[PDB]
2 protein chains.
Amino acid sequence: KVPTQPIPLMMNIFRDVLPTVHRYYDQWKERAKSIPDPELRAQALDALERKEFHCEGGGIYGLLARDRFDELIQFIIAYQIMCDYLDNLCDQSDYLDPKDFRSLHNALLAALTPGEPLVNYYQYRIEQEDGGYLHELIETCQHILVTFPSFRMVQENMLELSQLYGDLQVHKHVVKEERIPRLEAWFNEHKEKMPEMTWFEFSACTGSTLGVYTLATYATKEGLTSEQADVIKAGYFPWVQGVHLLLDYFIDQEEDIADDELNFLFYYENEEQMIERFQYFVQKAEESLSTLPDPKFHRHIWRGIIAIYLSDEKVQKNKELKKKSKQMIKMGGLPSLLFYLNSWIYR
Amino acid sequence: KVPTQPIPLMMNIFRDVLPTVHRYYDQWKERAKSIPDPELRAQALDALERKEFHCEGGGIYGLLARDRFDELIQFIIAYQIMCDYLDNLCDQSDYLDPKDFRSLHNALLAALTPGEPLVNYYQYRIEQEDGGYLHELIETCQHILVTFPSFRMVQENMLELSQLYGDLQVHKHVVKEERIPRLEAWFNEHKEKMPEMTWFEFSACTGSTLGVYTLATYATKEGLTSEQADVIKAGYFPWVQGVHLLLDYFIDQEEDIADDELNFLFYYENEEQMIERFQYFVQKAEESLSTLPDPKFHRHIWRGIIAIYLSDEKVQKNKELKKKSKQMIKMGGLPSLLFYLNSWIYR
Ligand SMILES: CC(C)=CCC/C(C)=C/CC/C(C)=C/CC[C@H](C)CCOP(=O)(O)OP(=O)(O)O
Ligand SMILES: CC(C)=CCC/C(C)=C\CC/C(C)=C/CC[C@H](C)CCOP(=O)(O)OP(=O)(O)O
């Protein structure tokens, strides 16, 4: 059974999770260095250099499936590396062609579809020589997932989350003036199925990968039911994924204002409403997580996400953001502890 | 209103204690570079290089005296730097003269005796030109302690612990053949006023500075009685100071074997007696710590000391030492967590 007490959970993270994450991550770093196209190489290495924490955090789900520990971390790391690589490629495109953004994100859907024939995901952009990097990442996922006893039961739900994540990456990276009309029209198709929320709250709920890793984790269990597959998707989507991205956008506010970049928090009528809605998402997230298997573990992961996000220098060394962050959620001083701990190690 | 819950205690340590300690420690580092005698300078800078942990640890007592936070830490750092400097001078002496060791350790007594004129502490050795380094360490302690409203009530108890510490350093640093006779002779002078223990256990009890820092901490309070000063001293001496040094000697057994250093544990008649007496000291130490003001704070600092000591790779990588350590004290998974955390940070 998974560790649910702080000491053994932290001990297993430092002893087993991080060394195993970095064994697989460091191999992708070496592979990325050999990418022929200098722009694809730069974008790959940048994501690997800057977004290590996504794989390190993602790898913690390994603890729920000890008997498939290495395979599950390998899947999560390959999929998460792809997301951060493709985000860079869309972010740094001089061309802003949505066909390119869509074509690239179809790599994530292929990763979740064993035997899906691999295409030129780069077909709508000038840079196409990656020396097999993206293909290698896709096949890694395909060959691992097919070996999980209940992958077939969760596949449809993983594809649902991955398509929504892809649609977001397409709409939010097009030329500035076309973004919000695309996001509102897209939200409009799903708004009936969703709890009552705005286009920009919906946009945040689709932007996380946590549901995919959770569904892949339970795919390792014998005889997982379709009822359980749906419980597990509803555990993280929409509310936990929402809080995750609302936090990402909260921390990044000052640089989004400075670089006139799309920030979903900016479409709230005022900050009072943003704080109220953030607190609602947190309550609905607590309720959705409590429905999962291993509820105490999921509750630990989520509290960890919140504390780690709020421990950012961008929040903790900015008097107004820090004060606003405590209005949003009280974490018994954990964000601040992680900041000063971090500040102390790196000096 | 002293923090005793783990998250805030740790946050204060990383935000307040460690940065304040390193501010003053760094000023002493720069001051030490101005020492004229090359050998005194090398020994002062080597102590400062290798022994920052003693100051970081000692500085945690600040949190019991927030009012005088900066002043108390300046006293603790000045005294501890003096201790580690004198320890280097006595260890690396080519002339092993107990007049020199005694004269040097008389600096600690001067540090605790404001308004009394200073000698040449180097009067019994070749190297004498330190440019006022040792006098400035003494003067720093004197100038802070006089400002403590209850210093006068604790000064006798502090000088008592400083005298025993000085005595130990004198006897343990002489030529190998005359150590145990001095230590046994010295213990026999004190045997009748001490609880039942060996000369080598007594030696362990006198070798810590925790009692001095704790008494200095309660000197910062108005209207401390003689009774309360005797309670505070008895809370650390002898049992807590004994556990602190016995644990140091336990961890360094292979080192002290290989470098042929004096190790008080080796004079137990067998391992089983060693473990049994260690367990007894722990019981008495738990008892004496529970008699203190802010007993939860003292318990936490003491369990932290122990967890940090036992987390040493010297213990965690050695099957036999790990086995014995878990017999000696029940710490749960904390030493192991600290080991894998340290292993991860310093990879
Ligand atoms: C403790 C634990 C389980 C953690 C899991 C964390 C995780 C799996 C995160 C990835 C989930 C994921 C891909 C989140 C989106 C974050 C992404 C960095 C947002 C992109 O915009 P931007 O912020 O501007 O980035 P960039 O342009 O500077 O590169
Ligand atoms: C509250 C908290 C966390 C306290 C921490 C402890 C402290 C403040 C003082 C140690 C108290 C103290 C002076 C202990 C004895 C020090 C001893 C000489 C160091 C160990 O010996 P060794 O390594 O062999 O010398 P060297 O060869 O490296 O130079």
Side-chain angles (χ1 to χ4, degrees), chain B residues 17-18 20-35 37-62 72-93 100-112 121-122 125 127 130-141 144 158 161-173 203-204 206-214 216 241 244-245 247-249 251-252 255-256 259 261-263 305 308-309 312:
Chain B
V17 175
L18 303 186
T20 305
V21 167
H22 272 88
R23 181 162 85 233
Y24 294 122
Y25 198 87
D26 285 346
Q27 295 174 6
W28 287 115
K29 192 163 291 201
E30 290 309 300
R31 183 61 194 74
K33 284 166 183 182
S34 285
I35 296 175
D37 188 283
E39 175 62 20
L40 297 184
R41 185 190 187 261
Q43 293 297 342
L45 287 172
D46 173 71
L48 286 163
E49 185 55 21
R50 296 193 299 104
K51 300 292 169 175
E52 77 197 0
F53 175 56
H54 296 160
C55 279
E56 291 166 344
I60 293 172
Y61 284 95
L72 183 52
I73 289 178
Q74 276 182 277
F75 165 70
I76 293 167
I77 287 7
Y79 193 88
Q80 190 59 52
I81 287 172
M82 261 192 300
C83 288
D84 288 324
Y85 173 48
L86 299 191
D87 184 85
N88 262 17
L89 299 185
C90 294
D91 269 349
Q92 300 295 314
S93 176
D100 168 52
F101 300 162
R102 169 62 70 194
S103 179
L104 284 175
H105 281 88
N106 283 347
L108 300 183
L109 298 184
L112 299 185
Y121 298 100
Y122 305 104
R125 63 165 51 210
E127 308 95 348
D130 83 339
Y133 183 72
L134 180 54
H135 284 197
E136 279 176 35
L137 286 165
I138 295 162
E139 273 153 26
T140 298
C141 297
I144 292 153
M158 288 180 82
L161 294 171
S162 186
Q163 179 71 249
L164 291 176
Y165 178 89
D167 295 342
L168 170 72
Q169 306 313 321
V170 171
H171 306 317
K172 85 171 200 197
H173 284 115
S203 294
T206 62
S208 169
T209 52
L210 290 178
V212 164
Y213 304 153
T214 292
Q241 292 200 171
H244 177 203
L245 269 289
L247 206 43
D248 197 279
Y249 283 111
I251 286 156
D252 289 325
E255 256 188 349
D256 298 351
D259 296 334
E261 306 272 346
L262 176 70
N263 183 310
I305 285 162
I308 292 162
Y309 269 92
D312 202 283

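Quick note: numbers below take in every heavy atom, side chains included, and nothing from hydrogens, waters or symmetry partners. Letters A, B, ... mirror the listed sequences (proteins, then strands); counts begin at 1.
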When B:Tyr85, B:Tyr121, B:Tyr122 are each screened for side-chain hydrogen bond (donor to acceptor under 3.5 Å, both in side chains) with B:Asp130, the one that passes is B:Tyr122
Side chain to side chain contact (heavy atoms under 4.5 Å, CB included) between B:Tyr61 and B:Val17, worked out = CA-CA 9 Å; B:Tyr61 284 95; B:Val17 175; over 6 Å; no
Rounded to the nearest 0.5 Å, the CZ atom of B:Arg125 sits from the CD atom of B:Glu39 at a distance of 8.0 Å
- Item | Non-hydrogen side-chain atoms of B:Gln43 and B:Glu127 separated by less than 4.5 Å | no
For B:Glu49 and B:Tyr25 the tightest heavy-atom approach is N-OH, 4.4 Å
Report yes if some heavy atom in the side chain of B:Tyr165 is under 4.5 Å from a heavy atom in the side chain of B:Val212; otherwise report no. no
Quick check: do B:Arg50 and B:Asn88 have side-chain heavy atoms less than 4.5 Å from each other? yes
Note: B:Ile138 and B:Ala107 closest approach over all heavy atoms is CG1-O, 3.5 Å
**Study point:** Residues B:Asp37 and B:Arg41 bridged, charged N to O under 4.0 Å
**Key:** no
Is any NZ, NE, NH1 or NH2 atom of the basic residue among B:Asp167 and B:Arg102 found under 4.0 Å from an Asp or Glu carboxylate oxygen of the other? yes
TODO: Take B:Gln27 and B:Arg31, measure what side chain to side chain contact (heavy atoms under 4.5 Å, CB included) needs, and give me the verdict at the end.
DONE: CA-CA 6 Å; B:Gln27 295 174 6; B:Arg31 183 61 194 74; over 6 Å; no
* Asked: Taking side chain as C-beta onward, heavy atoms only, is B:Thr206 less than 4.5 Å from B:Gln241?
  -> no
_Is any side-chain heavy atom of B:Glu255 closer than 4.5 Å to one of B:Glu261?_
no
Please examine the side chains of B:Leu89 and B:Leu40, heavy atoms only from C-beta on, and report whether any two atoms are closer than 4.5 Å. yes
Interatomic distance, CD@B:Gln169 vs CG@B:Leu86, rounded to 0.5 Å, equals 8.5 Å
Smallest heavy-atom separation, B:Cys55 atom then B:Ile81 atom, equals SG-CG1, 4.0 Å
Check whether any side-chain heavy atom of B:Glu136 lies under 4.5 Å from a side-chain heavy atom of B:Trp28, and answer yes or no. yes
So NE2 of B:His173 and CG of B:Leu262: to nearest 0.5 Å the spacing works out to 9.0 Å
In this structure, CG of B:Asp26 is separated from CD1 of B:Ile77 (nearest 0.5 Å) by 11.5 Å
* Measure the shortest side-chain to side-chain distance between B:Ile144 and B:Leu72 over non-hydrogen atoms and say whether it is less than 4.5 angstrom. => no
Fill in: CA sep, side-chain torsions, deciding dist, call: B:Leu210, B:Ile305, side chain to side chain contact (heavy atoms under 4.5 Å, CB included)
CA-CA 11 Å; B:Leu210 290 178; B:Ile305 285 162; 4.0 Å; yes
Looking only at heavy atoms, the pair that brings B:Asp100 and B:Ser93 closest together is OD2-OG, 4.5 Å
>> Under 3.5 Å, is there a donor on one side chain and an acceptor on the other for B:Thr140 and B:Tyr79?
In response: no
| task | Give the intermediate values and the outcome of side-chain hydrogen bond (donor to acceptor under 3.5 Å, both in side chains) for residues B:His105 and B:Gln163. | result | CA-CA 8 Å; B:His105 281 88; B:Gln163 179 71 249; over 6 Å; no
dist B:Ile76:CD1 -> B:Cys141:SG (nearest 0.5 Å) comes out at 10.0 Å
SG (B:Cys83) and CG (B:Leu137) are apart, to the nearest 0.5 Å, by 10.0 Å
Of all heavy-atom pairs linking B:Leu45 and B:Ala32, the shortest is CD2-CB, 3.8 Å
Test log, rule side chain to side chain contact (heavy atoms under 4.5 Å, CB included), inputs B:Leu112 and B:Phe75:
CA-CA 10 Å; B:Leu112 299 185; B:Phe75 165 70; 3.8 Å; yes
Open item on the list: Determine whether a donor-acceptor pair (N or O, by modelled atom type, separation under 3.5 Å) exists between the side chain of B:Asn263 and the backbone of B:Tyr249.
Closed with: yes
Here the pair of heavy atoms bringing B:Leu108 nearest to B:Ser162 is CB-OG, 3.4 Å
_Looking only at side-chain N and O atoms, does B:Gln80 offer a donor or acceptor that is under 3.5 Å from a partner on B:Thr209?_
yes
